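All values below were derived from every heavy atom in this structure, side-chain atoms included, with hydrogens, water molecules and symmetry-related copies excluded. Every chain is numbered from 1, with letters handed out A, B, ... down the list of sequences.
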Amino acid sequence: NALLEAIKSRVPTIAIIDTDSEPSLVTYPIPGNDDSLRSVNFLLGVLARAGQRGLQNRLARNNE
Amino acid sequence: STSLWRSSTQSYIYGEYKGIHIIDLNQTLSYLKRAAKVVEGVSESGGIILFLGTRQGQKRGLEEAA
Amino acid sequence: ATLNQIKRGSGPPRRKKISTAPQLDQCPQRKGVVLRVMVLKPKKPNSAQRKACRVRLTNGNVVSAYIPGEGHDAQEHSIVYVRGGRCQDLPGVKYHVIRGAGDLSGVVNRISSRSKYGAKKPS
Amino acid sequence: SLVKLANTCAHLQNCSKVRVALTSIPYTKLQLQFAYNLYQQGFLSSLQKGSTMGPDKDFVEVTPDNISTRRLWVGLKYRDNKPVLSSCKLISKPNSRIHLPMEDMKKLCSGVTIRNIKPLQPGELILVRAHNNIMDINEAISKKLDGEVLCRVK
Amino acid sequence: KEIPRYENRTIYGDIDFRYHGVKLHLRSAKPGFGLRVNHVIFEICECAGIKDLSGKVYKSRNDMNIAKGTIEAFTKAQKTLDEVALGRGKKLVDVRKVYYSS
Amino acid sequence: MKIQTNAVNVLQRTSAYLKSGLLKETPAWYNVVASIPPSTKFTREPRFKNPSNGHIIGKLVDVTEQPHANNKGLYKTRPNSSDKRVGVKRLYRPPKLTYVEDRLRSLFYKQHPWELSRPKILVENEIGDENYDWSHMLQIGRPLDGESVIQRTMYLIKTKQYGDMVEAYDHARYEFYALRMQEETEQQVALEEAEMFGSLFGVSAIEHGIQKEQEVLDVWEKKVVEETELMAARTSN
Amino acid sequence: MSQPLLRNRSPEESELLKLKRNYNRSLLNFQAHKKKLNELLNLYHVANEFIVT
Amino acid sequence: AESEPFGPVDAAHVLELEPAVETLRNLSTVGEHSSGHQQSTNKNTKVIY
Amino acid sequence: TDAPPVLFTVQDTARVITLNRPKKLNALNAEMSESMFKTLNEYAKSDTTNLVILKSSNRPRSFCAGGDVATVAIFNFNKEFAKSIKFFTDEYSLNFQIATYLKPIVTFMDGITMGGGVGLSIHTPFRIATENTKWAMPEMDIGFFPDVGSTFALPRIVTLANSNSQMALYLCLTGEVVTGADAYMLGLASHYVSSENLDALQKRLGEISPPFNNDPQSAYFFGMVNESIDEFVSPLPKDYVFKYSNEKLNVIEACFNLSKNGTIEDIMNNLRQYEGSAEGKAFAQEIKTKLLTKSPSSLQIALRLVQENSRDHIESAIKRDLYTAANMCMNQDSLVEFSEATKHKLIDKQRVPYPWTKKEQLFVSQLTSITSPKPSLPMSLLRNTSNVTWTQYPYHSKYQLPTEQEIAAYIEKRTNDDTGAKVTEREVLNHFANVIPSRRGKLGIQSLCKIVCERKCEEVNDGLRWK
RNA sequence: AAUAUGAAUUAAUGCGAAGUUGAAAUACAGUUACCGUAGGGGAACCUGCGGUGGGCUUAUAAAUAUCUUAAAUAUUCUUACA
RNA sequence: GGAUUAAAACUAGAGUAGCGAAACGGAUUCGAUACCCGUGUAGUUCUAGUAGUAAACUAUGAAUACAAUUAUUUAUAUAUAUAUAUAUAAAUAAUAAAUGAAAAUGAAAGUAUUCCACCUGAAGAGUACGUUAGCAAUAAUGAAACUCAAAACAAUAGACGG
RNA sequence: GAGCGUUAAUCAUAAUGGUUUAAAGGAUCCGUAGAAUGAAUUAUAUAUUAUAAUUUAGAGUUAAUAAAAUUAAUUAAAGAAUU
Ligand SMILES: [K+]
Ligand SMILES: [K+]
Ligand SMILES: [K+]
Ligand SMILES: [K+]
Ligand SMILES: [K+]
Ligand SMILES: [K+]
Ligand SMILES: [K+]
Ligand SMILES: [K+]
Ligand SMILES: [Mg+2]
Ligand SMILES: [Mg+2]
Ligand SMILES: [Mg+2]
Ligand SMILES: [Mg+2]
Ligand SMILES: [Mg+2]
Ligand SMILES: [Mg+2]
Ligand SMILES: [Mg+2]
Ligand SMILES: [Mg+2]
Ligand SMILES: [Mg+2]
Ligand SMILES: [Mg+2]
Ligand SMILES: [Mg+2]
Ligand SMILES: [Mg+2]
Ligand SMILES: [Mg+2]
Ligand SMILES: [Mg+2]
Ligand SMILES: [Mg+2]
Ligand SMILES: [Mg+2]
Ligand SMILES: [Mg+2]
Ligand SMILES: [Mg+2]
Ligand SMILES: [Mg+2]
Ligand SMILES: [Mg+2]
Ligand SMILES: [Mg+2]
Ligand SMILES: [Mg+2]
Ligand SMILES: [Mg+2]
């Protein structure tokens, strides 16, 4: 449901794509195990820190 | 499980082992880096990033990511 | 059909309107003599006393022709001219008699569409 | 064999629909000339000789001993989530072969339907066979050649 | 949706598209040719900005399915010259346009 | 499911909205996605080698490469039926990964069934940190278990100290027995020495089992009595 | 493209091919002939238990 | 070919017409007072009075 | 009928150029150079080609073992000087075309990249190295000079101990071979990608295209190419340790620090009078030994070119290499031994160094003549589709590891800011790893910054001073 | 002998209105319908023999489940430790 | 063109328990030329023939090339630390894609090629007439006029169902 | 529009078709004609065809080895039950 709404709403999407999952339904697939909390939290953590660095670079350019 | 294979994922598969398909981590790393750069770009641009996960136990990771 | 079946005759049926006035023999109209004037009942859901006439054409074909207009002076032995055109609610009446031709006069006091009812122009 | 060519054109359509990157076709002169024209026209990424099991890495001379096991391996192209080689159909069919003079080939490339052949469309490739050589229709018109209009690729 | 238009007046080449029971045969036309197509297709072309077009509908002529089929054909059955050129690694030249160029 | 088009072309559909004027303001993601294009080929890719054993995929042995007679004493002069079947499917089927170590692992636990009873932790710490010198069996960071034997056997065959895998395996097995005997004694002696200095323990393993068996045997007593009384009434019928 | 599509067998290659094929047919005939004789020998060993008189 | 030059003159050959620039030049020499106006190739028909 | 020396293929919108001389380690002859030079001009005119990829079909054995100088030696022995000058006009003209090419060129240095191979990659802002990369400039042992514009590139791209071209002179005069990660850390390679990932990278390069109304020649697309390669970069091996230690970097920076009129003898003096750590002293003797087994004339010519092409524009530096090469094949003053040494090593297999005879010290006028165009021999570089010149590479800096001069500029600027703040090593690492858009997360960038601060900066209180 | 015409004479069928005698079909249509064939009956239809599903795939449990440091330790953890 | 072709039917000679058109009776019913019951002839059986028809159905002609998966059996082969494991085919089941009016089809009802049969509104009609074949019942071939603007399929929501 | 209407006619107006369920797969297979269709390489010719030579991937023949006991025709037997 969420993926189809994202397509309809032109919202780019990222998703973990397991071997039984359809890659074309998302803009940026990440091939990987989606059943283990360790694997998911590992990939989520990397994406979350990447976002944090972007946020820190935006707040830094405002200061200087 | 190889019995549950969605053959549209064929190009991501490294092989089968112990009745399951092994995902090619070399491609996972490249896709992950590309996805990470997108998150960084949207965050640096001020966009709204929504993290959706509804499997049991994911809340803690999802809340900290947000 | 295969290419050889088409070579042997297979093809789309042709579309061309078929004659609905076979008794005229491909003529615009034919003269005739009224054998008997009759009144017929429309098929449902129509109700009326439709005036028709049995006519023997100059080619020997006997037909049933509808007499159009309000009121007619057609009798037996009257010379009439028959044209194509069926009476939809009367089955078996496939022709029309021409008003104002032969012994059939034009519709009395017709004001509109006079040419269709053999009525001359009032001075 | 025009039948073999029909089989190959249908095979390429089937492979494009599933988006396989590499497939094989029968090893014959006509098939090789057909594939080579597609390769030069940018419809195929690669064209390699090989066997039933795959493309050859090193040259393998073809002889009667292995002719029955030879295949031609072609790479299909996909860009912007669309297949580059979407359709491939014969014009001259086994049961109705079409030979055109150079004058009629010029009309076909000019928008005129000749012998029920729909005219050449923008970005389409029509191949012609003349004296057992396969070439693009525009090249046959340049060489003043009359030939059989074999197929159209888009 | 945005639909590709050749010279912002017509379609790229010809289209033979099947939408359910509707067989659509659309052909591109010369400048000043006008719209000579099914009335349903005519209205769509007017809104889309197509000025020159010829075509014929076979089998089903259901208005609803002609309209939807036409929209689908204009998007899924067309390829721009630029997209063809990039996919094949070739240059595609409009001869008529070059003839009137400097 | 059909290969979707609308998820990867959000930038192009959005660009049409902006060019026409249907969307006034550029979205924040727009520039980011433009600089980092999505992959949109979704193709099936051939493979020509099994990464585990290096076996070549897609190679046909021609009759010219089989000049000598076979095990039956016959020469091969023509391709057989298998050689004449197209094998494109093998290029696309995910290769079955195999390892020689898997055969030894099955052997070790068939010879030592009770090694299975030693709990194993499958949760990894960091595979990249493992700096092991398999000249010796013991390693800092990992337990002594069947895998210690398998890795020792591979090092022996890799260094060519032994030629046959069986001989290297037997050599590793004895090293494993020696280490297991030294640990069985360190534990027995440590318990004995502690009791001799006044160490007290609440429940032993044997005692723990007795208590658990009592809990089960108490519920079983009730049910037996109940079901030996319903039978008496039902049978009386 | 310039490579010839097929190279015909040289007369020598055809000679060696014929030798192998003749050998294959002859070896199979011989092996079947010897198998039949070994079955005739094993039947002779037991024909003392068979009754014809 | 991706790097092949194709220009108005090449297009004219493909369409089997004189170059468009030539057509413009020939249309400018039509005026009775314009340069290039010439009509003599037809004076080759025997006439008797 | 024979396999073409260089193979050209299409990879979606990318055009792949593959060197196809495996038996010669992809050595570059006039035929190869001419083919590549002509095909690149066509791709520059094309509007369907976004980038070019220069690779080899012999990887990981070699990418390009160097120009085919053994054949040029035979020409000199046969007085076929016209043939020799054709070989250098083609090669140097191809090196000039690559340097000024307006579309991204991505070289896969998967194997031995020595000599001409360096010219195929050094001039591209996207020069990818692998574990199998072996970069070297072994011309001093053959009697030739550092060619293919290496005297204009190395003094401008090396990262460590290259303030005055000291490291550039060390590589060109000693012929030291650099391997994989070390080449990336020195600036010889813009990126470090595992060989196994080259197939995937090639496919991604073919799939990316300029967005909206941007041509492939825009800076925007160059950034896109850099990002695509970065997605395939992987962390360096855990055990990896940079090849040159600070002490070894101190020997090069001091012993190869000459003036505008320096000489090879001055370097020999420093290497013979060096004082410091035992490792540094021993390291200086090793350099002295090596530099005494080279061609006495080649070393002087190399130093001349480095001191001349380190402040000149690209076109004049490449043209000066053509003049030098021609003025060496035709040995008018018997001042060089390029032809005889080349036969001693390549045409004939001889491990021992060629016994040198021209062991004099050429004068400033003699060096000028050997590196200046003779008015009798007119030679010019072939014309390319760009026909532009400049004194600084337009893209190399953005997409490689920063140089020691860029880190100094930020410390000086930060130290002289109105903020009155203290420059700290931690702040330096952050400014180069998480600030610059094109360098964000660049492999081995924090390691390089720590090597520079530990050897160039003085840590006083909570601040850093540029010693 | 053929063709055409009329013809004693005689056969089949459509439509129209419009009741009559039954209730054959559509639901398990109150006897599953229909196909082929045979016999019988005011009329639909009934009966025998085989065939078909265009009717029963409309298909949906004889239930029973286990032991290791429950926490001064897991649960907390915000780029830290290493 | 040829051959074979269920059940019923027919021509001869045998057989005839049971079943069972018809017929004659008993019931049921307002009536009951029926459904149920009895007595039960032809037939059902065998031999030698005639005839060539069935919802003779997968309501789906045959051949060839080709396209994404899973499960389950079967077969052949391979291996061994000997009972499994690995391969390649066939069948069946559920599907992707594709096709389709849809129901659905799924290796075809998909992508293609080759050859044959057949269709062109309903009703009249598979009738009339003629012809051919058969002991016969019949089988094959097979119209037109008149009349009408209908007629049909899949699916939808209801209503109804002894 | 000095014509207009009407009747009688001709052309155009969907095969850029269909046959499980709507008209339409022949009960089945065998096989003749086919002015139906149909492999590979090379060389000629007057050229998508012809001829010649050569080839084995379709289609066949004979063995070897393994497997299976069904389908026709005929003959000889058995069984439970029924009257
Ligand atoms: K009934
Ligand atoms: K019946
Ligand atoms: K019946
Ligand atoms: K027949
Ligand atoms: K009986
Ligand atoms: K059936
Ligand atoms: K048939
Ligand atoms: K149908
Ligand atoms: Mg999963
Ligand atoms: Mg009743
Ligand atoms: Mg009833
Ligand atoms: Mg009933
Ligand atoms: Mg009865
Ligand atoms: Mg019955
Ligand atoms: Mg029913
Ligand atoms: Mg049903
Ligand atoms: Mg009888
Ligand atoms: Mg009875
Ligand atoms: Mg018979
Ligand atoms: Mg009948
Ligand atoms: Mg029938
Ligand atoms: Mg049946
Ligand atoms: Mg057959
Ligand atoms: Mg009949
Ligand atoms: Mg229905
Ligand atoms: Mg007039
Ligand atoms: Mg038509
Ligand atoms: Mg069909
Ligand atoms: Mg059938
Ligand atoms: Mg039928
Ligand atoms: Mg065979």
| Annotated protein contacts, base or backbone, on nucleotides 93-109 of chain K with a non-hydrogen cut-off under 4.0 Å, one of B, S, - each | ---SSS-SSS-------
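- Pucker assignment for J/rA23 gives south. The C1'-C2'-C3'-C4' angle has a negative sign.
- Take D/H99 and apply the ring-ring contact (aromatic ring centres under 6.0 Å, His included) test, not counting sequence neighbours, and it matches no residue.
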| query | Going 5' to 3' along nucleotides 114-119 of chain K, which nucleotides have protein heavy atoms under 4.0 Å from the base (write B), which only from the sugar-phosphate (write S), and which from neither (write -)? | reply | SBBBBB
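- Within the nucleic acid shown, F/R90 comes within 4.0 Å of sugar-phosphate atoms alone, with no base atom in reach, counting heavy atoms only.
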Can you check nucleotides 71-82 of chain K for protein contacts, nitrogen or oxygen pairs under 3.5 Å, and list what you find?
unit_1 : atom_1 : unit_2 : atom_2 : d
K/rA71 : OP1    : B/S3   : OG     : 2.7

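- Nucleotide L/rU20 is annotated as unpaired relative to L/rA80 [Watson-Crick or G-U wobble, both distances under 3.5 Å].
- In this structure L/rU48 is not paired with L/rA15, as neither the Watson-Crick nor the G-U wobble definition is met at both distances under 3.5 Å.
- When distances run from any side-chain atom of C/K44 to the nucleotides J/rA18, K/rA67, K/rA149, the shortest one goes to J/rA18.
- Side-chain atoms of G/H33 do not come within 3.5 Å of backbone N or O of G/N29 as any donor-acceptor pair.
- Remark: the bases of K/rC66 and K/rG110 meet in a Watson-Crick or G-U wobble pair, both edge contacts within less than 3.5 Å.
- Residue whose closest nucleotide on RNA chain L sits further toward the 5' end, between D/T28 and C/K16: C/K16.
- Residue D/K118 places a side-chain atom within donor-acceptor reach of the base of L/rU16, judged by atom type and a 3.5 Å distance cut-off alone.
- Nearest-nucleotide mapping onto RNA chain L: of G/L6 and E/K23, the residue sitting toward the 5' end is E/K23.
- Glycosidic conformation of L/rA57: syn, with the torsion inside 90° of 0.
- Stacking of the bases of K/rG126 and K/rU127 is not indicated, since the six-membered rings fail the criterion of centres under 5.5 Å apart and planes under 30° apart.
- Contact annotation: side chain of C/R15 to base of L/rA12, donor-acceptor pair absent below 3.5 Å.
- The partner of K/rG40, taking Watson-Crick or G-U wobble pairs whose two distances both stay under 3.5 Å, does not exist in any strand shown.
- By the criterion of a centre-to-centre distance under 5.5 Å and near-parallel planes under 30°, the ring of C/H96 forms no stack with the base of L/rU7.
- Heavy-atom minimum distance, F/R90 versus F/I57: O-CG2, 3.8 Å.
- With sequence neighbours excluded, no residue forms a side-chain hydrogen bond (donor to acceptor under 3.5 Å, both in side chains) with E/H20.
- A north sugar is assigned to K/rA128: the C1'-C2'-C3'-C4' torsion is positive, on the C3'-endo side.
- In this structure K/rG49 sits in a base pair with K/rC10, meeting the Watson-Crick or G-U test at under 3.5 Å.
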| field | Dot-bracket line, read 5' to 3' along RNA chain J, where crossing pairs take [ ] and | marks a partner on another strand, Watson-Crick or G-U under 3.5 Å | value | ...............................(((((((((....)))))))))|............................
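- If you check L/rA23 for Watson-Crick or wobble pairing at under 3.5 angstrom, you find it has no partner at all.
- K/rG18 and K/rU44 make a Watson-Crick or G-U wobble pair, with both donor-acceptor distances under 3.5 Å.
- Side-chain atoms of A/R49 come within donor-acceptor range of the base of J/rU79, with a qualifying N/O pair under 3.5 Å.
- Counting atom types as modelled, C/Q29 pairs no side-chain N or O with a base atom of L/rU7 as donor and acceptor under 3.5 Å.
- The aromatic rings of E/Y19 and E/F17 sit parallel, their planes meeting at an angle under 30°, below the 60° perpendicular limit.
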